[PDB]
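A quick write-up on the structure given underneath.
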Amino acid sequence: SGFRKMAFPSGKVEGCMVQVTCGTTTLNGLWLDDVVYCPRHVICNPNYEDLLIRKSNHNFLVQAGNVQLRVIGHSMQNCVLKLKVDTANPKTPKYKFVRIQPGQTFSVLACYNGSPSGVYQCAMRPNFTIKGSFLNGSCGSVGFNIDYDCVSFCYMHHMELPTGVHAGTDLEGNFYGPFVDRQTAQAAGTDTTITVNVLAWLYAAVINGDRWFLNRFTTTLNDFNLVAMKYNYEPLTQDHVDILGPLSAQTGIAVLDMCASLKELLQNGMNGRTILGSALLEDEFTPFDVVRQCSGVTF
Amino acid sequence: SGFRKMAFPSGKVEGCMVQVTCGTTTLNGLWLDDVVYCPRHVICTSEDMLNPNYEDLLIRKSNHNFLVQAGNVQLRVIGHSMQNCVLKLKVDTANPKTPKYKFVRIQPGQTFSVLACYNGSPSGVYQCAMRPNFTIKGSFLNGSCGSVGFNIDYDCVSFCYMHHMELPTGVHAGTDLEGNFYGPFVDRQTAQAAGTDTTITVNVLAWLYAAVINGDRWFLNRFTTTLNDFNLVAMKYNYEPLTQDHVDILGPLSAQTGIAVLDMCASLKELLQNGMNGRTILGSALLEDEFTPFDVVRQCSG
Ligand SMILES: O=C(Nc1cncc2ccccc12)[C@@H]1CNCc2ccc(Cl)cc21
Ligand SMILES: [Cl-]
């Protein structure tokens, strides 16, 4: 029993964190095989092609623990700088670069000066921001998932927006959301709640003995989406209904039946009651996270 | 900016997780140097669980009865001893991945990271606190026994918890790494109930300071309180008494935000009386008590 915001074990990612210095700027890098990936703003209205051409290999000071790595090449791919090094990381795990969709969750290994300080779980918001916990020096910290023995790198931190939310790229340097890597007026779009994730978390609560919100009613997918759109909730698709199938089978509560519970929860509130120690509806657990935690999958 | 329930990077602890098998029972072990630490109930059956005599059961065991597996490698047990509720299995190989470590026994209110494991394999990491009733509100299924709680301050891993059991209410009980249980719990299937839980007052105050540091001031008020009047109010909401030690510990946060501890105490009294009124504090509609004053400083400063 118990339901916690749980991150993947960070060990495979810790062995890849390095410190990258260029001039006055010091941030984090991801060392995989003989390449160190880091945000391109480490070289900093910036013209990154112009700024990078002026740099030489010895301008980049890469430090892996108490060992200095020597940079033998540098190239830019979108908003990520790829620093070719002489040494291949012996601790390189089996990995992939994956781009995630809004609503998907991942673990963040927050780092400062190439040293991991913490690990937390979070979700890619529908407005493409992440509600992270980042201070100055965290740039280059990465988000990941583990599937079996493979580390899927899905995020690299670049910046904090004026509202305290974070913006970053995939490992190919493509930003999530309509952001750019420069000091300019940028604002996160109006956020929405990840509906499929709230439903998955309602199933996790049922699996844990919390049934007070359940009701005899069901709804059509159309009537649910008309209500959900009114409360700034993401539309629930048939793909989402299909993905919730295993949880629906395990608890004996049809997806549209659980939608009627959510529909009532939105129009009436919790009324002093809590679901899994929370007075708010939680949307940072996907249907897979719930299955993985309530079944105990290992890595 | 931002405030998250953050766990320590689990890497240093992952390299210590092994699977321990004795008869039908399979749980987790902590492999540090040439010793594997695991709950002593690994020697028990379910029929010898109401009133097990562990000295008697252990004397009947030999080294080859304990099957220790570190990854896809079987470790050879060369000795076994019991220290309180923990079994210490001497092995013939010292763990090459043994980090700098300490065994620390924590007090209620303290937080730590849990590396939940099944069959010696890490499945997840989460942050939690030692409840004032000495239980932990973990996320554990059968097979998680032997999973450990830790803090990684600087380069040293401080092991503070080893998971032993789940109480009938879904909460968890375990020991420090010396096998001494936290709380009045025993490693027996006898009737055991967690005492009435209470809110870790010093931690709620620290989390209110974290919210101030992050620009959230709506809950602040022009009032202050005596420590005695605060505790009389706090007790009525099932809140732990705030001591002078707690007031002293909150000193740095009080200095950083310019809000006296007894001033923040008056905010908390008001929150307890009024509720949040549809508002949130650090994205939470409830008062959070699983961040210590030390966690807040570390996350907001370093
Ligand atoms: O509690 C225990 N294990 C678990 C531990 N954690 C989470 C579980 C979740 C679901 C089932 C088991 C779980 C064991 C087994 N049950 C009785 C018992 C009695 C005493 C002792 Cl010390 C251990 C145990
Ligand atoms: Cl302590």
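Scheme for the structure tokens: letters A, B, ... for chains in order shown; per-chain residue numbers from 1; ligand numbers from 1 in order shown.
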Selection as a list in words: residues within 8 Å of ligand 2 by only C-alpha atoms and all ligand atoms: residues 105, 106, 107, 108, 109 and 110 of chain B
Limited to C-alpha atoms, could you put the picked residues into a file as a tab-separated table (two decimals), in the first residue's frame?
```tsv
chain	number	residue	atom	x	y	z
B	105	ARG	CA	19.14	6.88	13.72
B	106	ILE	CA	16.70	9.71	12.93
B	107	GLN	CA	14.08	11.47	15.08
B	108	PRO	CA	10.36	11.90	14.14
B	109	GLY	CA	9.93	14.75	11.67
B	110	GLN	CA	13.17	13.98	9.85
```
Exercise answer, 9 Å around ligand 1 with only C-alpha atoms and all ligand atoms, as an mmCIF file with N, CA and C atoms, in the first residue's frame:
```cif
data_model
loop_
_atom_site.group_PDB
_atom_site.id
_atom_site.type_symbol
_atom_site.label_atom_id
_atom_site.label_comp_id
_atom_site.auth_asym_id
_atom_site.auth_seq_id
_atom_site.Cartn_x
_atom_site.Cartn_y
_atom_site.Cartn_z
ATOM 1 N N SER A 1 0.813 -1.217 0.000
ATOM 2 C CA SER A 1 0.000 0.000 0.000
ATOM 3 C C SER A 1 0.848 1.269 0.000
ATOM 4 N N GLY A 2 0.208 2.361 -0.346
ATOM 5 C CA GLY A 2 0.844 3.655 -0.405
ATOM 6 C C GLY A 2 1.017 4.089 -1.840
ATOM 7 N N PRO B 39 16.353 -7.561 6.870
ATOM 8 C CA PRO B 39 15.492 -7.807 8.042
ATOM 9 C C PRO B 39 15.652 -9.250 8.514
ATOM 10 N N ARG B 40 15.697 -9.464 9.835
ATOM 11 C CA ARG B 40 15.885 -10.807 10.366
ATOM 12 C C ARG B 40 14.688 -11.724 10.087
ATOM 13 N N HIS B 41 13.493 -11.164 9.785
ATOM 14 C CA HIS B 41 12.329 -12.002 9.480
ATOM 15 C C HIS B 41 12.477 -12.795 8.152
ATOM 16 N N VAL B 42 13.600 -12.632 7.418
ATOM 17 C CA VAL B 42 13.874 -13.452 6.228
ATOM 18 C C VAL B 42 14.046 -14.954 6.645
ATOM 19 N N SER B 46 5.632 -18.021 7.365
ATOM 20 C CA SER B 46 4.416 -17.293 7.749
ATOM 21 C C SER B 46 3.769 -17.976 8.988
ATOM 22 N N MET B 49 5.505 -16.741 12.521
ATOM 23 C CA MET B 49 5.535 -15.288 12.449
ATOM 24 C C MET B 49 4.777 -14.623 13.601
ATOM 25 N N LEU B 50 3.819 -15.327 14.227
ATOM 26 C CA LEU B 50 3.086 -14.758 15.358
ATOM 27 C C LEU B 50 4.003 -14.577 16.564
ATOM 28 N N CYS B 85 16.867 -6.409 15.221
ATOM 29 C CA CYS B 85 15.997 -6.982 14.189
ATOM 30 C C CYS B 85 16.626 -7.073 12.798
ATOM 31 N N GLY B 138 4.843 5.157 3.375
ATOM 32 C CA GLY B 138 5.582 4.778 2.181
ATOM 33 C C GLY B 138 4.697 4.215 1.094
ATOM 34 N N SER B 139 5.335 3.677 0.068
ATOM 35 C CA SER B 139 4.669 3.034 -1.036
ATOM 36 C C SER B 139 5.424 1.743 -1.164
ATOM 37 N N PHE B 140 4.870 0.701 -0.552
ATOM 38 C CA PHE B 140 5.529 -0.578 -0.495
ATOM 39 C C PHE B 140 4.559 -1.718 -0.745
ATOM 40 N N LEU B 141 4.984 -2.679 -1.547
ATOM 41 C CA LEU B 141 4.231 -3.895 -1.836
ATOM 42 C C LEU B 141 4.992 -5.076 -1.205
ATOM 43 N N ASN B 142 4.440 -6.313 -1.277
ATOM 44 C CA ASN B 142 5.150 -7.469 -0.735
ATOM 45 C C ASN B 142 6.447 -7.684 -1.533
ATOM 46 N N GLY B 143 7.534 -7.975 -0.837
ATOM 47 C CA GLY B 143 8.837 -8.106 -1.478
ATOM 48 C C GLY B 143 9.719 -6.883 -1.306
ATOM 49 N N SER B 144 9.149 -5.768 -0.810
ATOM 50 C CA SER B 144 9.908 -4.547 -0.583
ATOM 51 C C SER B 144 10.732 -4.572 0.688
ATOM 52 N N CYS B 145 10.567 -5.611 1.554
ATOM 53 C CA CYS B 145 11.297 -5.714 2.812
ATOM 54 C C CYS B 145 12.786 -5.659 2.581
ATOM 55 N N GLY B 146 13.465 -4.830 3.357
ATOM 56 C CA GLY B 146 14.895 -4.648 3.154
ATOM 57 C C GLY B 146 15.229 -3.408 2.348
ATOM 58 N N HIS B 163 13.151 -1.024 5.743
ATOM 59 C CA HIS B 163 11.753 -1.419 5.779
ATOM 60 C C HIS B 163 11.560 -2.875 6.248
ATOM 61 N N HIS B 164 10.669 -3.075 7.232
ATOM 62 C CA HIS B 164 10.396 -4.388 7.798
ATOM 63 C C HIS B 164 8.948 -4.825 7.600
ATOM 64 N N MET B 165 7.966 -3.918 7.791
ATOM 65 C CA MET B 165 6.569 -4.337 7.692
ATOM 66 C C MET B 165 5.549 -3.267 7.374
ATOM 67 N N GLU B 166 4.342 -3.719 7.021
ATOM 68 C CA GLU B 166 3.222 -2.835 6.799
ATOM 69 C C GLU B 166 2.176 -3.123 7.867
ATOM 70 N N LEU B 167 1.742 -2.076 8.564
ATOM 71 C CA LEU B 167 0.712 -2.147 9.586
ATOM 72 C C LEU B 167 -0.674 -2.245 8.918
ATOM 73 N N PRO B 168 -1.727 -2.672 9.654
ATOM 74 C CA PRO B 168 -3.059 -2.798 9.028
ATOM 75 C C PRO B 168 -3.630 -1.542 8.377
ATOM 76 N N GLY B 170 -2.030 0.495 6.353
ATOM 77 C CA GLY B 170 -1.313 0.853 5.138
ATOM 78 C C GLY B 170 -0.018 1.619 5.378
ATOM 79 N N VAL B 171 0.286 1.964 6.646
ATOM 80 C CA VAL B 171 1.538 2.652 6.964
ATOM 81 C C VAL B 171 2.637 1.625 7.240
ATOM 82 N N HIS B 172 3.890 2.065 7.234
ATOM 83 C CA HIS B 172 5.017 1.168 7.313
ATOM 84 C C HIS B 172 5.879 1.387 8.517
ATOM 85 N N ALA B 173 6.463 0.286 9.007
ATOM 86 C CA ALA B 173 7.340 0.293 10.154
ATOM 87 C C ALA B 173 8.635 -0.443 9.823
ATOM 88 N N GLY B 174 9.713 0.073 10.362
ATOM 89 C CA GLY B 174 11.024 -0.485 10.117
ATOM 90 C C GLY B 174 11.999 -0.118 11.203
ATOM 91 N N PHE B 185 6.947 -0.909 17.773
ATOM 92 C CA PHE B 185 6.660 -2.020 16.892
ATOM 93 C C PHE B 185 7.659 -3.150 17.040
ATOM 94 N N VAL B 186 7.177 -4.383 16.814
ATOM 95 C CA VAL B 186 7.962 -5.609 16.856
ATOM 96 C C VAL B 186 7.816 -6.343 15.527
ATOM 97 N N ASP B 187 8.844 -7.112 15.123
ATOM 98 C CA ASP B 187 8.777 -7.865 13.877
ATOM 99 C C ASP B 187 8.071 -9.201 14.127
ATOM 100 N N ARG B 188 6.760 -9.116 14.344
ATOM 101 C CA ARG B 188 5.850 -10.214 14.680
ATOM 102 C C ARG B 188 4.503 -9.912 14.023
ATOM 103 N N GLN B 189 3.753 -10.942 13.641
ATOM 104 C CA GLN B 189 2.415 -10.765 13.093
ATOM 105 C C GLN B 189 1.340 -10.509 14.168
ATOM 106 N N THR B 190 1.728 -10.126 15.395
ATOM 107 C CA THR B 190 0.799 -9.842 16.489
ATOM 108 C C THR B 190 -0.018 -8.562 16.243
#
```
Taking only C-alpha atoms into account and nothing else, which residues of chain A lie no more than 10 Å away from chain B? Please answer as a ChimeraX atom specification. /A:1-15,107-112,115-122,131-136,146,160-166,208-209,274,277-281,292-299
Show which residues sit within 10 Å of range 245-255 of chain B, as a list in words. Count only C-alpha atoms, and ignore same-chain residues fewer than 5 positions away. residues 201, 202, 203, 205, 206, 208, 209, 210, 212, 213, 227, 260, 261, 262, 263, 264, 265, 292, 293, 294, 296 and 297 of chain B
Please produce a file of the residues just selected, as a compact mmCIF listing (two decimals), in the first residue's frame, where the atoms kept are N, CA and C atoms.
```
# COMPACT_ATOMS: atom_id res chain seq x y z
N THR B 201 4.67 20.07 13.00
CA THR B 201 4.56 21.52 13.08
C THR B 201 5.77 22.30 12.58
N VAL B 202 6.99 21.93 13.03
CA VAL B 202 8.19 22.63 12.60
C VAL B 202 8.37 22.54 11.06
N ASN B 203 7.99 21.39 10.48
CA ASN B 203 8.10 21.19 9.04
C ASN B 203 7.07 22.02 8.29
N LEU B 205 5.88 24.94 9.26
CA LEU B 205 6.43 26.30 9.36
C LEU B 205 7.56 26.50 8.36
N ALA B 206 8.46 25.51 8.21
CA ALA B 206 9.57 25.57 7.26
C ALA B 206 9.05 25.66 5.82
N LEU B 208 6.09 26.92 5.01
CA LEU B 208 5.49 28.24 4.91
C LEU B 208 6.61 29.26 4.59
N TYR B 209 7.82 29.10 5.17
CA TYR B 209 8.94 29.97 4.84
C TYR B 209 9.36 29.75 3.38
N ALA B 210 9.39 28.47 2.90
CA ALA B 210 9.70 28.15 1.49
C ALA B 210 8.73 28.87 0.55
N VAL B 212 7.15 31.73 1.25
CA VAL B 212 7.50 33.15 1.30
C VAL B 212 8.70 33.42 0.38
N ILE B 213 9.75 32.60 0.48
CA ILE B 213 10.94 32.69 -0.35
C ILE B 213 10.59 32.63 -1.85
N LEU B 227 4.68 31.28 22.36
CA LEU B 227 4.88 29.88 22.03
C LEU B 227 3.82 29.01 22.72
N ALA B 260 9.51 36.80 11.86
CA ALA B 260 9.80 36.13 13.13
C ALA B 260 9.09 34.79 13.23
N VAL B 261 9.70 33.77 13.86
CA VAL B 261 9.09 32.44 14.00
C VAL B 261 7.69 32.52 14.62
N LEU B 262 7.55 33.26 15.73
CA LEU B 262 6.24 33.43 16.37
C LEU B 262 5.24 34.21 15.50
N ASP B 263 5.74 35.01 14.55
CA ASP B 263 4.94 35.73 13.59
C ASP B 263 4.41 34.70 12.56
N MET B 264 5.28 33.84 12.04
CA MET B 264 4.85 32.76 11.13
C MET B 264 3.92 31.77 11.84
N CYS B 265 4.09 31.60 13.17
CA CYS B 265 3.23 30.77 13.99
C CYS B 265 1.83 31.31 13.99
N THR B 292 11.66 19.39 6.06
CA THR B 292 12.26 19.92 7.28
C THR B 292 12.82 21.33 7.04
N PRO B 293 13.18 22.07 8.11
CA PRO B 293 13.85 23.36 7.92
C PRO B 293 15.15 23.24 7.12
N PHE B 294 15.86 22.11 7.24
CA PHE B 294 17.12 21.81 6.53
C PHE B 294 16.88 21.58 5.02
N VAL B 296 14.31 22.80 3.25
CA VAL B 296 13.91 24.08 2.66
C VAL B 296 15.13 24.91 2.32
N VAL B 297 16.08 25.01 3.25
CA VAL B 297 17.31 25.77 3.04
C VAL B 297 18.11 25.19 1.87
```
Any chance you could list, as a PyMOL selection string, the residues in range 18-222 of chain A that come up strand (DSSP E) when DSSP is run on the backbone? chain A and resi 18-22+25-32+35-39+60-64+67-69+71-77+80-85+94-97+105-112+115-123+142-147+150-160+166-169
If you count only C-alpha atoms, which residues fall within 8 Å of range 210-223 of chain A, apart from same-chain ones fewer than 6 positions away, as a PyMOL selection string? chain A and resi 236+256-261+265+275-276
Would you put the residues from that selection into a file with N, CA, C and O atoms, as a short mmCIF file (atom, residue, chain, number, x, y, z; two decimals), in the first residue's frame?
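Contents of part.cif, as written:
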```
data_model
loop_
_atom_site.label_atom_id
_atom_site.label_comp_id
_atom_site.auth_asym_id
_atom_site.auth_seq_id
_atom_site.Cartn_x
_atom_site.Cartn_y
_atom_site.Cartn_z
N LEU A 236 -10.29 14.29 -23.24
CA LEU A 236 -10.00 12.88 -23.07
C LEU A 236 -10.33 12.23 -24.39
O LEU A 236 -11.46 12.36 -24.88
N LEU A 256 -15.53 5.46 -18.43
CA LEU A 256 -16.62 6.44 -18.43
C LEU A 256 -17.36 6.52 -17.08
O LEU A 256 -17.95 7.55 -16.74
N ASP A 257 -17.27 5.46 -16.27
CA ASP A 257 -17.81 5.41 -14.92
C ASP A 257 -16.90 6.30 -14.03
O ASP A 257 -17.40 7.16 -13.31
N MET A 258 -15.57 6.14 -14.14
CA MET A 258 -14.63 6.97 -13.40
C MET A 258 -14.73 8.44 -13.86
O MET A 258 -14.56 9.34 -13.04
N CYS A 259 -15.04 8.69 -15.15
CA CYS A 259 -15.24 10.04 -15.69
C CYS A 259 -16.42 10.70 -14.96
O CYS A 259 -16.36 11.88 -14.65
N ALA A 260 -17.51 9.94 -14.70
CA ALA A 260 -18.65 10.49 -13.97
C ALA A 260 -18.24 10.89 -12.55
O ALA A 260 -18.72 11.91 -12.06
N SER A 261 -17.30 10.16 -11.91
CA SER A 261 -16.76 10.55 -10.61
C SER A 261 -16.01 11.87 -10.76
O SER A 261 -16.26 12.79 -9.99
N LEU A 265 -16.68 15.49 -9.05
CA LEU A 265 -15.58 16.13 -8.32
C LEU A 265 -15.29 17.55 -8.82
O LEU A 265 -14.94 18.40 -8.01
N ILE A 275 -8.24 12.58 -1.34
CA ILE A 275 -7.99 11.38 -2.12
C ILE A 275 -6.46 11.20 -2.07
O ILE A 275 -5.75 12.08 -2.51
N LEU A 276 -5.97 10.11 -1.48
CA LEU A 276 -4.53 9.84 -1.39
C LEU A 276 -3.74 10.97 -0.71
O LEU A 276 -2.70 11.37 -1.21
#
```
Nearest to residue 255 in chain A, chosen from A:35, A:207, A:227, A:200, with only C-alpha atoms counted in the distances: A:200
